[PDB]
Every structure is written in structure tokens, then in C-alpha cells.
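So this one's structure.cif, mmCIF, N, CA and C atoms:
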```cif
data_input
loop_
_atom_site.group_PDB
_atom_site.id
_atom_site.type_symbol
_atom_site.label_atom_id
_atom_site.label_comp_id
_atom_site.auth_asym_id
_atom_site.auth_seq_id
_atom_site.Cartn_x
_atom_site.Cartn_y
_atom_site.Cartn_z
ATOM 1 N N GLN H 922 -38.107 -9.843 -2.657
ATOM 2 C CA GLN H 922 -38.080 -8.384 -2.692
ATOM 3 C C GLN H 922 -38.887 -7.829 -3.859
ATOM 4 N N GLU H 923 -38.869 -8.509 -5.008
ATOM 5 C CA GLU H 923 -39.686 -8.069 -6.133
ATOM 6 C C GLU H 923 -41.169 -8.137 -5.791
ATOM 7 N N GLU H 924 -41.595 -9.216 -5.131
ATOM 8 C CA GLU H 924 -42.997 -9.330 -4.750
ATOM 9 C C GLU H 924 -43.381 -8.237 -3.762
ATOM 10 N N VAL H 925 -42.501 -7.932 -2.806
ATOM 11 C CA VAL H 925 -42.826 -6.922 -1.802
ATOM 12 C C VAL H 925 -42.859 -5.527 -2.422
ATOM 13 N N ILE H 926 -41.953 -5.238 -3.359
ATOM 14 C CA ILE H 926 -41.980 -3.923 -3.997
ATOM 15 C C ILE H 926 -43.207 -3.786 -4.895
ATOM 16 N N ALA H 927 -43.604 -4.866 -5.577
ATOM 17 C CA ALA H 927 -44.855 -4.831 -6.330
ATOM 18 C C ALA H 927 -46.047 -4.674 -5.394
ATOM 19 N N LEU H 928 -45.966 -5.279 -4.209
ATOM 20 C CA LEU H 928 -47.001 -5.102 -3.201
ATOM 21 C C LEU H 928 -47.098 -3.647 -2.775
ATOM 22 N N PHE H 929 -45.958 -2.983 -2.593
ATOM 23 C CA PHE H 929 -45.993 -1.566 -2.246
ATOM 24 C C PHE H 929 -46.539 -0.731 -3.393
ATOM 25 N N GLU H 930 -46.215 -1.103 -4.632
ATOM 26 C CA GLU H 930 -46.742 -0.370 -5.779
ATOM 27 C C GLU H 930 -48.264 -0.460 -5.832
ATOM 28 N N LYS H 931 -48.805 -1.675 -5.706
ATOM 29 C CA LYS H 931 -50.257 -1.823 -5.697
ATOM 30 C C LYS H 931 -50.876 -1.178 -4.463
ATOM 31 N N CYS H 932 -50.187 -1.229 -3.321
ATOM 32 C CA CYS H 932 -50.685 -0.587 -2.111
ATOM 33 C C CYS H 932 -50.782 0.921 -2.287
ATOM 34 N N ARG H 933 -49.759 1.533 -2.883
ATOM 35 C CA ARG H 933 -49.774 2.976 -3.091
ATOM 36 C C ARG H 933 -50.804 3.369 -4.142
ATOM 37 N N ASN H 934 -50.978 2.542 -5.178
ATOM 38 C CA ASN H 934 -52.021 2.822 -6.160
ATOM 39 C C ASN H 934 -53.408 2.752 -5.531
ATOM 40 N N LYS H 935 -53.660 1.724 -4.715
ATOM 41 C CA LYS H 935 -54.938 1.627 -4.017
ATOM 42 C C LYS H 935 -55.115 2.783 -3.042
ATOM 43 N N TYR H 936 -54.029 3.208 -2.399
ATOM 44 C CA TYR H 936 -54.079 4.337 -1.477
ATOM 45 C C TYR H 936 -54.477 5.617 -2.201
ATOM 46 N N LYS H 937 -53.850 5.877 -3.350
ATOM 47 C CA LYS H 937 -54.172 7.067 -4.128
ATOM 48 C C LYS H 937 -55.601 7.018 -4.652
ATOM 49 N N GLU H 938 -56.048 5.853 -5.131
ATOM 50 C CA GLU H 938 -57.412 5.762 -5.646
ATOM 51 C C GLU H 938 -58.434 5.877 -4.520
ATOM 52 N N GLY H 939 -58.105 5.356 -3.336
ATOM 53 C CA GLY H 939 -58.981 5.527 -2.193
ATOM 54 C C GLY H 939 -59.098 6.976 -1.775
ATOM 55 N N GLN H 940 -57.983 7.712 -1.797
ATOM 56 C CA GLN H 940 -58.061 9.136 -1.488
ATOM 57 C C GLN H 940 -58.822 9.905 -2.562
ATOM 58 N N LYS H 941 -58.667 9.520 -3.827
ATOM 59 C CA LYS H 941 -59.460 10.156 -4.874
ATOM 60 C C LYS H 941 -60.948 9.933 -4.640
ATOM 61 N N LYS H 942 -61.331 8.701 -4.301
ATOM 62 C CA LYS H 942 -62.727 8.414 -3.992
ATOM 63 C C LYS H 942 -63.191 9.190 -2.765
ATOM 64 N N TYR H 943 -62.325 9.307 -1.755
ATOM 65 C CA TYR H 943 -62.694 9.998 -0.524
ATOM 66 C C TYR H 943 -62.918 11.486 -0.772
ATOM 67 N N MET H 944 -62.034 12.120 -1.546
ATOM 68 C CA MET H 944 -62.250 13.507 -1.959
ATOM 69 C C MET H 944 -63.521 13.669 -2.783
ATOM 70 N N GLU H 945 -63.766 12.764 -3.736
ATOM 71 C CA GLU H 945 -64.980 12.876 -4.541
ATOM 72 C C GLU H 945 -66.228 12.785 -3.673
ATOM 73 N N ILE H 946 -66.257 11.819 -2.754
ATOM 74 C CA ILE H 946 -67.436 11.612 -1.922
ATOM 75 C C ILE H 946 -67.603 12.754 -0.927
ATOM 76 N N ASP H 947 -66.503 13.249 -0.356
ATOM 77 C CA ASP H 947 -66.601 14.360 0.584
ATOM 78 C C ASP H 947 -67.082 15.628 -0.111
ATOM 79 N N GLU H 948 -66.571 15.895 -1.315
ATOM 80 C CA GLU H 948 -67.025 17.048 -2.082
ATOM 81 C C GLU H 948 -68.504 16.929 -2.422
ATOM 82 N N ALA H 949 -68.932 15.740 -2.860
ATOM 83 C CA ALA H 949 -70.342 15.526 -3.158
ATOM 84 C C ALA H 949 -71.203 15.718 -1.918
ATOM 85 N N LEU H 950 -70.739 15.227 -0.767
ATOM 86 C CA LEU H 950 -71.517 15.341 0.459
ATOM 87 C C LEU H 950 -71.629 16.788 0.918
ATOM 88 N N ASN H 951 -70.538 17.550 0.833
ATOM 89 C CA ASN H 951 -70.599 18.959 1.213
ATOM 90 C C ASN H 951 -71.524 19.739 0.286
ATOM 91 N N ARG H 952 -71.425 19.488 -1.023
ATOM 92 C CA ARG H 952 -72.317 20.155 -1.963
ATOM 93 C C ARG H 952 -73.769 19.790 -1.693
ATOM 94 N N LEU H 953 -74.037 18.512 -1.411
ATOM 95 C CA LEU H 953 -75.399 18.088 -1.118
ATOM 96 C C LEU H 953 -75.912 18.718 0.169
ATOM 97 N N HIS H 954 -75.054 18.853 1.179
ATOM 98 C CA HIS H 954 -75.467 19.484 2.430
ATOM 99 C C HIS H 954 -75.862 20.938 2.206
ATOM 100 N N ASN H 955 -75.012 21.693 1.505
ATOM 101 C CA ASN H 955 -75.335 23.095 1.244
ATOM 102 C C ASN H 955 -76.588 23.222 0.384
ATOM 103 N N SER H 956 -76.712 22.369 -0.637
ATOM 104 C CA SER H 956 -77.892 22.397 -1.490
ATOM 105 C C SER H 956 -79.148 22.056 -0.704
ATOM 106 N N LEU H 957 -79.056 21.095 0.216
ATOM 107 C CA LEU H 957 -80.208 20.730 1.031
ATOM 108 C C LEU H 957 -80.635 21.876 1.929
ATOM 109 N N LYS H 958 -79.674 22.580 2.529
ATOM 110 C CA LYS H 958 -80.040 23.723 3.363
ATOM 111 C C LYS H 958 -80.717 24.813 2.536
ATOM 112 N N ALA H 959 -80.169 25.104 1.352
ATOM 113 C CA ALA H 959 -80.784 26.102 0.481
ATOM 114 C C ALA H 959 -82.188 25.681 0.058
ATOM 115 N N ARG H 960 -82.362 24.408 -0.301
ATOM 116 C CA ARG H 960 -83.669 23.918 -0.723
ATOM 117 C C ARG H 960 -84.665 23.944 0.425
ATOM 118 N N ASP H 961 -84.206 23.659 1.644
ATOM 119 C CA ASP H 961 -85.089 23.726 2.801
ATOM 120 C C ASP H 961 -85.586 25.148 3.020
ATOM 121 N N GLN H 962 -84.679 26.127 2.936
ATOM 122 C CA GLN H 962 -85.108 27.517 3.074
ATOM 123 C C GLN H 962 -86.079 27.907 1.965
ATOM 124 N N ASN H 963 -85.783 27.502 0.726
ATOM 125 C CA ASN H 963 -86.661 27.825 -0.393
ATOM 126 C C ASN H 963 -88.045 27.221 -0.202
ATOM 127 N N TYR H 964 -88.107 25.955 0.214
ATOM 128 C CA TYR H 964 -89.394 25.298 0.408
ATOM 129 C C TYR H 964 -90.178 25.934 1.542
ATOM 130 N N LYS H 965 -89.504 26.303 2.633
ATOM 131 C CA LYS H 965 -90.213 26.964 3.723
ATOM 132 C C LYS H 965 -90.799 28.293 3.265
ATOM 133 N N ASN H 966 -90.020 29.080 2.516
ATOM 134 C CA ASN H 966 -90.535 30.354 2.018
ATOM 135 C C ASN H 966 -91.720 30.142 1.085
ATOM 136 N N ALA H 967 -91.608 29.177 0.167
ATOM 137 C CA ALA H 967 -92.686 28.935 -0.786
ATOM 138 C C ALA H 967 -93.949 28.455 -0.087
ATOM 139 N N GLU H 968 -93.806 27.547 0.880
ATOM 140 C CA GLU H 968 -94.966 27.054 1.609
ATOM 141 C C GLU H 968 -95.641 28.174 2.384
ATOM 142 N N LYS H 969 -94.853 29.015 3.059
ATOM 143 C CA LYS H 969 -95.448 30.122 3.798
ATOM 144 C C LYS H 969 -96.185 31.072 2.866
ATOM 145 N N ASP Y 105 3.648 -37.870 -19.893
ATOM 146 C CA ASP Y 105 2.946 -36.868 -20.678
ATOM 147 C C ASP Y 105 2.160 -37.528 -21.809
ATOM 148 N N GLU Y 106 1.489 -36.701 -22.607
ATOM 149 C CA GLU Y 106 0.709 -37.208 -23.726
ATOM 150 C C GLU Y 106 1.623 -37.811 -24.785
ATOM 151 N N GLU Y 107 1.159 -38.911 -25.391
ATOM 152 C CA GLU Y 107 1.884 -39.701 -26.387
ATOM 153 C C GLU Y 107 3.383 -39.757 -26.107
ATOM 154 N N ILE Y 108 4.203 -39.511 -27.123
ATOM 155 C CA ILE Y 108 5.652 -39.532 -26.975
ATOM 156 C C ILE Y 108 6.244 -38.128 -27.007
ATOM 157 N N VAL Y 109 5.623 -37.210 -27.747
ATOM 158 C CA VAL Y 109 6.094 -35.842 -27.886
ATOM 159 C C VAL Y 109 4.909 -34.897 -27.703
ATOM 160 N N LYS Y 110 5.174 -33.603 -27.876
ATOM 161 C CA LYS Y 110 4.113 -32.609 -27.794
ATOM 162 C C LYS Y 110 3.118 -32.800 -28.932
ATOM 163 N N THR Y 111 1.843 -32.569 -28.633
ATOM 164 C CA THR Y 111 0.802 -32.754 -29.632
ATOM 165 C C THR Y 111 0.956 -31.726 -30.753
ATOM 166 N N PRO Y 112 0.664 -32.102 -31.999
ATOM 167 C CA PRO Y 112 0.744 -31.132 -33.096
ATOM 168 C C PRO Y 112 -0.263 -30.005 -32.915
ATOM 169 N N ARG Y 113 0.139 -28.810 -33.342
ATOM 170 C CA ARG Y 113 -0.693 -27.624 -33.223
ATOM 171 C C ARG Y 113 -0.668 -26.861 -34.538
ATOM 172 N N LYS Y 114 -1.772 -26.178 -34.832
ATOM 173 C CA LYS Y 114 -1.836 -25.342 -36.020
ATOM 174 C C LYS Y 114 -0.875 -24.166 -35.887
ATOM 175 N N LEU Y 115 -0.418 -23.661 -37.036
ATOM 176 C CA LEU Y 115 0.578 -22.597 -37.036
ATOM 177 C C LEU Y 115 0.059 -21.311 -36.402
ATOM 178 N N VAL Y 116 -1.257 -21.108 -36.370
ATOM 179 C CA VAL Y 116 -1.826 -19.959 -35.675
ATOM 180 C C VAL Y 116 -2.596 -20.440 -34.453
ATOM 181 N N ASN Y 117 -3.667 -21.199 -34.691
ATOM 182 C CA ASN Y 117 -4.503 -21.801 -33.648
ATOM 183 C C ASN Y 117 -4.732 -20.844 -32.479
ATOM 184 N N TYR Y 118 -5.290 -19.673 -32.789
ATOM 185 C CA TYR Y 118 -5.536 -18.686 -31.742
ATOM 186 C C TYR Y 118 -6.721 -19.094 -30.875
ATOM 187 N N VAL Y 119 -7.911 -19.152 -31.470
ATOM 188 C CA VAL Y 119 -9.147 -19.521 -30.779
ATOM 189 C C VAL Y 119 -9.285 -18.677 -29.517
ATOM 190 N N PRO Y 120 -9.609 -17.386 -29.635
ATOM 191 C CA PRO Y 120 -9.669 -16.540 -28.427
ATOM 192 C C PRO Y 120 -10.716 -16.991 -27.423
ATOM 193 N N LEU Y 121 -11.973 -17.129 -27.855
ATOM 194 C CA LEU Y 121 -13.076 -17.526 -26.986
ATOM 195 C C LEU Y 121 -13.168 -16.626 -25.760
ATOM 196 N N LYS Y 122 -12.831 -17.181 -24.589
ATOM 197 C CA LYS Y 122 -12.816 -16.496 -23.295
ATOM 198 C C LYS Y 122 -13.990 -15.539 -23.120
ATOM 199 N N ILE Y 123 -15.186 -15.975 -23.521
ATOM 200 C CA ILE Y 123 -16.373 -15.136 -23.374
ATOM 201 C C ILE Y 123 -16.640 -14.851 -21.902
ATOM 202 N N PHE Y 124 -16.539 -15.874 -21.059
ATOM 203 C CA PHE Y 124 -16.708 -15.734 -19.619
ATOM 204 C C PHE Y 124 -15.393 -16.071 -18.932
ATOM 205 N N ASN Y 125 -15.025 -15.270 -17.936
ATOM 206 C CA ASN Y 125 -13.816 -15.482 -17.143
ATOM 207 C C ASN Y 125 -14.246 -15.608 -15.685
ATOM 208 N N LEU Y 126 -14.474 -16.844 -15.253
ATOM 209 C CA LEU Y 126 -14.928 -17.162 -13.892
ATOM 210 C C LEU Y 126 -16.278 -16.474 -13.671
ATOM 211 N N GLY Y 127 -16.587 -16.125 -12.424
ATOM 212 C CA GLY Y 127 -17.847 -15.480 -12.112
ATOM 213 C C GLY Y 127 -19.050 -16.351 -12.406
ATOM 214 N N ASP Y 128 -19.823 -15.971 -13.423
ATOM 215 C CA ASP Y 128 -21.016 -16.707 -13.866
ATOM 216 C C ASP Y 128 -21.984 -16.762 -12.685
ATOM 217 N N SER Y 129 -22.554 -17.923 -12.356
ATOM 218 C CA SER Y 129 -23.454 -18.082 -11.218
ATOM 219 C C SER Y 129 -24.636 -17.123 -11.296
ATOM 220 N N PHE Y 130 -24.594 -16.057 -10.501
ATOM 221 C CA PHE Y 130 -25.696 -15.106 -10.455
ATOM 222 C C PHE Y 130 -25.761 -14.302 -11.748
ATOM 223 N N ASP Y 131 -26.955 -14.224 -12.330
ATOM 224 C CA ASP Y 131 -27.143 -13.464 -13.556
ATOM 225 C C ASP Y 131 -27.132 -11.968 -13.261
ATOM 226 N N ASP Y 132 -26.805 -11.182 -14.285
ATOM 227 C CA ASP Y 132 -26.721 -9.736 -14.129
ATOM 228 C C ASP Y 132 -28.001 -9.019 -14.535
ATOM 229 N N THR Y 133 -28.810 -9.617 -15.414
ATOM 230 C CA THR Y 133 -30.019 -8.945 -15.883
ATOM 231 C C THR Y 133 -31.096 -8.901 -14.803
ATOM 232 N N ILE Y 134 -31.236 -9.981 -14.030
ATOM 233 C CA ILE Y 134 -32.244 -10.009 -12.971
ATOM 234 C C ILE Y 134 -31.926 -8.965 -11.907
ATOM 235 N N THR Y 135 -30.669 -8.914 -11.466
ATOM 236 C CA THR Y 135 -30.286 -7.884 -10.510
ATOM 237 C C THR Y 135 -30.250 -6.500 -11.154
ATOM 238 N N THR Y 136 -30.160 -6.417 -12.486
ATOM 239 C CA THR Y 136 -30.293 -5.118 -13.145
ATOM 240 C C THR Y 136 -31.716 -4.596 -13.032
ATOM 241 N N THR Y 137 -32.692 -5.472 -13.265
ATOM 242 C CA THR Y 137 -34.082 -5.118 -12.999
ATOM 243 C C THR Y 137 -34.283 -4.782 -11.526
ATOM 244 N N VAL Y 138 -33.582 -5.493 -10.639
ATOM 245 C CA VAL Y 138 -33.672 -5.208 -9.206
ATOM 246 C C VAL Y 138 -33.171 -3.799 -8.902
ATOM 247 N N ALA Y 139 -32.035 -3.413 -9.486
ATOM 248 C CA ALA Y 139 -31.482 -2.080 -9.251
ATOM 249 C C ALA Y 139 -32.366 -0.995 -9.857
ATOM 250 N N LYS Y 140 -32.947 -1.267 -11.029
ATOM 251 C CA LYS Y 140 -33.894 -0.324 -11.615
ATOM 252 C C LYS Y 140 -35.095 -0.129 -10.700
ATOM 253 N N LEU Y 141 -35.626 -1.227 -10.158
ATOM 254 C CA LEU Y 141 -36.717 -1.124 -9.198
ATOM 255 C C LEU Y 141 -36.275 -0.404 -7.932
ATOM 256 N N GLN Y 142 -35.003 -0.542 -7.556
ATOM 257 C CA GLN Y 142 -34.488 0.155 -6.381
ATOM 258 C C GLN Y 142 -34.509 1.664 -6.586
ATOM 259 N N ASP Y 143 -33.991 2.130 -7.722
ATOM 260 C CA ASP Y 143 -34.027 3.572 -7.962
ATOM 261 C C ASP Y 143 -35.458 4.063 -8.157
ATOM 262 N N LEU Y 144 -36.322 3.238 -8.756
ATOM 263 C CA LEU Y 144 -37.725 3.617 -8.905
ATOM 264 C C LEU Y 144 -38.408 3.763 -7.548
ATOM 265 N N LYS Y 145 -38.151 2.833 -6.623
ATOM 266 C CA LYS Y 145 -38.775 2.919 -5.307
ATOM 267 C C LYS Y 145 -38.173 4.051 -4.486
ATOM 268 N N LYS Y 146 -36.902 4.385 -4.722
ATOM 269 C CA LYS Y 146 -36.344 5.578 -4.091
ATOM 270 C C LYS Y 146 -37.037 6.838 -4.600
ATOM 271 N N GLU Y 147 -37.276 6.913 -5.913
ATOM 272 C CA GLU Y 147 -38.009 8.046 -6.470
ATOM 273 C C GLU Y 147 -39.423 8.116 -5.907
ATOM 274 N N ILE Y 148 -40.054 6.958 -5.702
ATOM 275 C CA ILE Y 148 -41.361 6.928 -5.051
ATOM 276 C C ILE Y 148 -41.259 7.435 -3.615
ATOM 277 N N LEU Y 149 -40.210 7.033 -2.892
ATOM 278 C CA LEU Y 149 -39.994 7.529 -1.537
ATOM 279 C C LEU Y 149 -39.849 9.044 -1.524
ATOM 280 N N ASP Y 150 -39.288 9.614 -2.594
ATOM 281 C CA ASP Y 150 -39.242 11.069 -2.704
ATOM 282 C C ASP Y 150 -40.647 11.662 -2.763
ATOM 283 N N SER Y 151 -41.564 10.996 -3.457
ATOM 284 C CA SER Y 151 -42.935 11.480 -3.523
ATOM 285 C C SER Y 151 -43.598 11.347 -2.153
ATOM 286 N N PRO Y 152 -44.540 12.229 -1.814
ATOM 287 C CA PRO Y 152 -45.163 12.168 -0.486
ATOM 288 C C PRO Y 152 -45.932 10.873 -0.276
ATOM 289 N N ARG Y 153 -45.917 10.395 0.967
ATOM 290 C CA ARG Y 153 -46.638 9.195 1.371
ATOM 291 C C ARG Y 153 -47.386 9.505 2.659
ATOM 292 N N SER Y 154 -48.650 9.081 2.726
ATOM 293 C CA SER Y 154 -49.518 9.314 3.877
ATOM 294 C C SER Y 154 -49.795 10.802 4.057
ATOM 295 N N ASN Y 155 -50.386 11.169 5.197
ATOM 296 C CA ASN Y 155 -50.751 12.535 5.586
ATOM 297 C C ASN Y 155 -51.462 13.303 4.477
#
```
Please render this file's structure as C-alpha cells.
Amino acid sequence: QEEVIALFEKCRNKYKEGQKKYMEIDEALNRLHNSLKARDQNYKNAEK
Amino acid sequence: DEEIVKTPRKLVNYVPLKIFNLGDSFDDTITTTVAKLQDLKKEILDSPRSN
């Protein structure tokens, strides 16, 4: 039972760190998407 | 019985001892850590999981 409860502790820690990474990557991806759209519009205007 | 009469004894000869009275076997500290882990995992169960 001690091994299994320690297994759950490490499982929950890995779960929380995975969600932290997932939020970080999703936030970065959304910011990059919006920035890319803005940069595309800016480049099209400048080229024209 | 022993020898011919009762064995000599000191006038007080208390010697309380009796540190343990039966039981023994399973230790209490290991299961104390077990119970602490039990309440800790219950507190974790209170915290949200999944979703």
C-alpha cells in the first residue's frame, strides 16, 4: 500500500506538471498564431 | 516444589518492569506512518483530480 500510494503521488505530480506544460505550450501556440496572422497582414501591406 | 521451602525474597523486591503487556507483534510506528499517509491521501482526494 505504501508503494501504491507513492505511485499515486508521483502520478499526480506528473499529471500536474504535464498540465502545466500543456497550458504553457497551448498559450505559446495561440500567441504565435495571432502574431503570425498580424505579421502576415503587416507584410502584405508593406509589400503592396 | 522448589527446594524444601519457599525461595528467599527481598523485603521489597518490587521490580515493576511490565513495559509490554502481551500484544507486541505488529509495530505501531509503521502503521502510524500508514495512517498519516491515509489522512494525507484523503486530503488529496479532497483536491480536484482529472477534468
Ground truth for the PyMOL selection byres ((chain H) within 8 of (chain Y)), written as a list in words: residues 922, 923 and 926 of chain H
Please indicate the distance in Å from CA of residue 944 (chain H) to atom C of residue 152 (chain Y), rounded to one decimal place. 16.6 Å
Put a box with edges along x, y and z around all the listed atoms of region 112-115 of chain Y, pad it by 8 Å on each side, then give me its centre and sizes in Å, one decimal, as JSON.
```
{"center_x": -0.5, "center_y": -26.7, "center_z": -34.5, "size_x": 18.6, "size_y": 26.8, "size_z": 21.0}
```
Based on DSSP run over this structure's backbone, return all residues of chain Y in alpha helix (DSSP H), as a list in words.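 Result set for chain Y (alpha helix (DSSP H)): residues 132, 133, 134, 135, 136, 137, 138, 139, 140, 141, 142, 143, 144, 145, 146, 147, 148, 149 and 150 of chain Y.
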When you draw a straight line from CA of residue 146 (chain Y) to CA of residue 928 (chain H), how long is it in Å?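 Pair CA of residue 146 (chain Y) / CA of residue 928 (chain H) returns 15.1 Å.
The two atoms in question, CA of residue 151 (chain Y) and CA of residue 933 (chain H), are spaced 10.9 Å apart.
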